[PDB]
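Here's the structure we're looking at; comments come further down.
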Amino acid sequence: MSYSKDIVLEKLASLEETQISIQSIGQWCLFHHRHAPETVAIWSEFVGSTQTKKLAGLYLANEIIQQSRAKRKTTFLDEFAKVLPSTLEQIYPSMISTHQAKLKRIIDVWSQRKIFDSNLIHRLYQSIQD
Amino acid sequence: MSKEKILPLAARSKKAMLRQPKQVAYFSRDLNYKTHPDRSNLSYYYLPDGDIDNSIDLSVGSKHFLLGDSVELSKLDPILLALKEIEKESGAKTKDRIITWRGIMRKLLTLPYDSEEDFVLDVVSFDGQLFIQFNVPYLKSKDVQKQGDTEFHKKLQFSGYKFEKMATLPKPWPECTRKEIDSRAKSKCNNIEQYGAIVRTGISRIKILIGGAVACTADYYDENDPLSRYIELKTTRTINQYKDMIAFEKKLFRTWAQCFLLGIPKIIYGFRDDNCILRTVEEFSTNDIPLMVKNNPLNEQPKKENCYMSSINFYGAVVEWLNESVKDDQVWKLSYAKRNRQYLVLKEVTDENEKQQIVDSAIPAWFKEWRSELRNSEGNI
């Protein structure tokens, strides 16, 4: 199964709050770690263009970072982190109260799991504007 | 030369019998580590057989599992708040001698037969009552090791918490609705929110006030005797051979101590496999555990030495040792080293800075000033 941008775009359009789809898309992203910059670029574009499916993308990124640490994929961490704060900037305005609640819950989840570096942690709290 | 006293591990007290536990107060700890005297955190047991046949997985949801601060959890803040309330509406100081969490007593009681972990405990003799809690530097060191403790143990802990969550309800069954009953699998598990109770007890002639974690009530909250309907949930790998049975027996010894220190009647285990799939669930009665253990057809009685009776005698001896050894306004460092395997080490501290910082860390300021106000009002009566 060759890697291509259109497949990643379709999969990103195929996310749902069901965990099985999210984990399958994460596995697909795992299988193509060689072309990771393209993956993160497509993800950033789609998440900046999406309207309601923002939370599914956040869950997907969180889990992928998790098994990347499980698989010791160091470049993945800062690979998302290069655009993660700006992405949060574009996500916050069109996102409702319960979703800020769950988003800050998950932000604490990243913070307390030693996922990211301290400068990145602080820029994540400045991203959440709280 | 800091004074040290030695308690041999083989010491026993013949006249050791335990008073009946009795709840005096309860607390609910929200996510913000704030303790309140209500039952919002209380949950209700519910687990029919059909869920067992559904083959529920436990590893699901571990990705977004929270974790709590060890020092924050070990704080004596809720117990002391409840004690302050009890004295406030009582108008006088209680007769309790030792105040501590239940886990410390379980650990020190299991030592004669379950002592494969090291610990440092703090003893504070304030106002004539010894307050016991973990050593904060030891807590930070343990946190370091736990952070460097792979992820399999984290997976097991999350399996236990998920099993607890899947068999509880926010409200009693009649009041619940379908959507909240069937959305348990979509809940975000965490180890911060919990419900606990404050129980008065004690061995020999000593009154002991302790607190511990309570999973859920059986089916509703009996205000007349809450301790009768309480139940805790635990998880264990499925057994398939004699070695599995022996490990299970050790786990039952530990859990029976864990429970009997509070006198909760029932015990439930979730038998999960290596794939975090719940296979079977079976119950137990607290009083029937020792008889069930000793009446094992697979291994009748290699030795007649009752581990439970010896443990009770040792715990009574330890309590008497703690009572006699330390006088007022004396802080002693209590710890055990696995390399010893012979006896227990209890030492005093003489560094004024160390004593002051330990006292401040263990005891909050507001409780201290409230106790001072109570003492002054005692002379103001």
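Residue numbers (this note's numbering), protein chains in the order written: chain A, 80 to 209; chain B, 1301 to 1681. By construction, the Cβ of each residue, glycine as well, lies at the ideal position given by its N, Cα and C atoms.
Proximal residues of chain B, C-beta to C-beta of residue i below 7 Å
i: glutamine 179(A); result: Neighbours of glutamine 179(A) on chain B: none; closest Cβ ~15 Å, over 7 Å.
i: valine 188(A); result: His1364 and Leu1366
Proximal chain B residues relative to residue i, where beta-carbon distance stays under 8 Å
i: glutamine 191(A); result: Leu1366 and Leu1367
Test: residue i CB closer than 8 Å to a CB of chain A
i: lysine 1488(B); result: yes
i: residue 1255(B); result: For chain B, the structure presents residues 1301 to 1681; residue 1255(B) sits outside this window and is missing.
Neighbour list for residue i in chain A, Cβ cutoff strictly below 9 Å
i: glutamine 1447(B); result: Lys193
Under 7 Å from the C-beta of residue i: neighbouring residues of chain A
i: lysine 1363(B); result: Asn141, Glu142 and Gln145
is_contact[residue i, chain B] using C-beta, thresh 8 Å
i: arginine 184(A); result: yes
Residues that residue i bridges to, as DSSP identifies them
i: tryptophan 1621(B); result: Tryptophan 1621(B) is not bridged to any residue.
i: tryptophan 1632(B); result: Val1423(B) and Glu1648(B)
i: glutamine 1558(B); result: DSSP output for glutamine 1558(B) lists no bridge partner at all.
i: residue 1260(B); result: Beyond the ends of chain B as shown, which are 1301 and 1681, falls residue 1260(B); an answer cannot be given.
i: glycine 1496(B); result: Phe1327(B) and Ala1513(B)
i: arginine 1537(B); result: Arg1572(B)
i: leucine 1307(B); result: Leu1644(B)
i: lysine 1566(B); result: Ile1531(B) and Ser1585(B)
i: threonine 97(A); result: Partner(s): none; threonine 97(A) has no beta bridge.
i: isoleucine 1503(B); result: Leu1318(B)
i: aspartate 1349(B); result: According to DSSP, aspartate 1349(B) bridges with nothing at all.
i: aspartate 1357(B); result: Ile1577(B)
Cβ of residue i within 8 Å of any chain E Cβ
i: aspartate 1353(B); result: Here the protein chains are A and B, and chain E is not one of them.
Do the stretch 1378-1396 of chain B and the stretch 1329-1342 of chain B touch if we need at least three Cβ pairs shorter than 8 Å?
-> A contact exists between the stretch 1378-1396 of chain B and the stretch 1329-1342 of chain B.
Within the chosen definition, does the stretch 1532-1545 of chain B reach the stretch 1565-1581 of chain B through at least 3 CB pairs nearer than 8 Å?
-> Here the stretch 1532-1545 of chain B makes contact with the stretch 1565-1581 of chain B; the two share three or more CB pairs at distances below 8 Å.
State whether the stretch 1622-1629 of chain B contacts the stretch 1593-1611 of chain B, with contact taken as three or more CB pairs (one from each stretch) at a distance under 8 Å.
-> Fewer than three pairs of CB atoms, one per stretch, sit closer than 8 Å, so the stretch 1622-1629 of chain B makes no contact with the stretch 1593-1611 of chain B.
Given 8 Å as the limit, is there contact between the stretch 1580-1587 of chain B and the stretch 1546-1566 of chain B, that is, 3 or more CB pairs closer than that?
-> Counting Cβ pairs under 8 Å, three or more are found: they touch.
Could you give the uninterrupted runs of the beta strand (DSSP E) lying entirely in the stretch 1569-1598 of chain B, keeping only those of 3 residues or more?
-> Qualifying beta strand (DSSP E) stretches, in chain order: 1578-1585.
3-residue-minimum beta strand (DSSP E) runs that sit fully inside the stretch 1422-1492 of chain B, ordered along the chain = Runs found: 1429-1434.
Starting from the N-terminal side, write out each stretch of the beta strand (DSSP E) that is 3 residues or longer and does not extend beyond the stretch 1317-1345 of chain B.
-> Counting whole runs of 3 or more residues, the stretch 1317-1345 of chain B contains the beta strand (DSSP E) stretches 1322-1329.
What beta strand (DSSP E) runs, 3 residues minimum, are completely inside the stretch 132-190 of chain A?
-> With a minimum length of 3 residues, no continuous beta strand (DSSP E) run stays inside the stretch 132-190 of chain A.
Is the stretch 1518-1534 of chain B touching the stretch 1482-1492 of chain B in the sense that three or more CB pairs, one from each, lie closer than 8 Å?
-> Segments in contact, no.
Validate contact between the stretch 1355-1369 of chain B and the stretch 181-189 of chain A using beta carbons, cut 8 Å, 3 pairs | Touching, yes, given that three or more Cβ pairs across the two stretches are closer than 8 Å.
Are the stretch 1339-1358 of chain B and the stretch 1573-1582 of chain B in contact at 8 Å, needing three or more beta carbon pairs?
-> Two segments are said to touch when three or more pairs of C-beta atoms, one from each, lie closer than 8 Å; by this definition the stretch 1339-1358 of chain B touches the stretch 1573-1582 of chain B.
Just checking, does the stretch 159-170 of chain A make contact with the stretch 119-130 of chain A on the three C-beta pairs under 8 Å criterion?
-> The stretch 159-170 of chain A, when compared against the stretch 119-130 of chain A, does touch it at the 8 Å Cβ threshold.
Taking 8 Å as the threshold, find out whether the stretch 1431-1444 of chain B comes into contact with the stretch 1462-1479 of chain B through three or more Cβ pairs.
-> As far as the Cβ criterion goes, the stretch 1431-1444 of chain B does not touch the stretch 1462-1479 of chain B, which means the pair count is below three.
Touch check for the stretch 1626-1639 of chain B and the stretch 1387-1397 of chain B: three-plus C-beta pairs under 8 Å?
-> No, the stretch 1626-1639 of chain B does not touch the stretch 1387-1397 of chain B.
Do three or more CB pairs link the stretch 1423-1433 of chain B to the stretch 1448-1459 of chain B at distances below 8 Å?
-> For the pair of segments examined, the stretch 1423-1433 of chain B was found not to touch the stretch 1448-1459 of chain B: the number of CB pairs separated by less than 8 Å stays below three.
Between the stretch 1321-1331 of chain B and the stretch 1493-1504 of chain B, do at least 3 Cβ pairs fall closer than 8 Å?
-> At 8 Å Cβ cutoff, the stretches touch.
Determine, using beta-carbon pairs with one atom in the stretch 139-149 of chain A and one in the stretch 171-182 of chain A, whether at least three such pairs fall under 8 Å.
-> Judged by Cβ distances under 8 Å, the stretch 139-149 of chain A makes no contact with the stretch 171-182 of chain A, as fewer than three pairs qualify.
Is the stretch 1545-1555 of chain B in contact with the stretch 1505-1516 of chain B, if contact means three or more CB pairs nearer than 8 Å?
-> They do not touch, by the three-pair rule.
How do the stretch 1592-1605 of chain B and the stretch 1401-1409 of chain B stand: do at least 3 beta-carbon pairs fall below 8 Å, yes or no?
-> Two segments are said to touch when three or more pairs of C-beta atoms, one from each, lie closer than 8 Å; by this definition the stretch 1592-1605 of chain B does not touch the stretch 1401-1409 of chain B.
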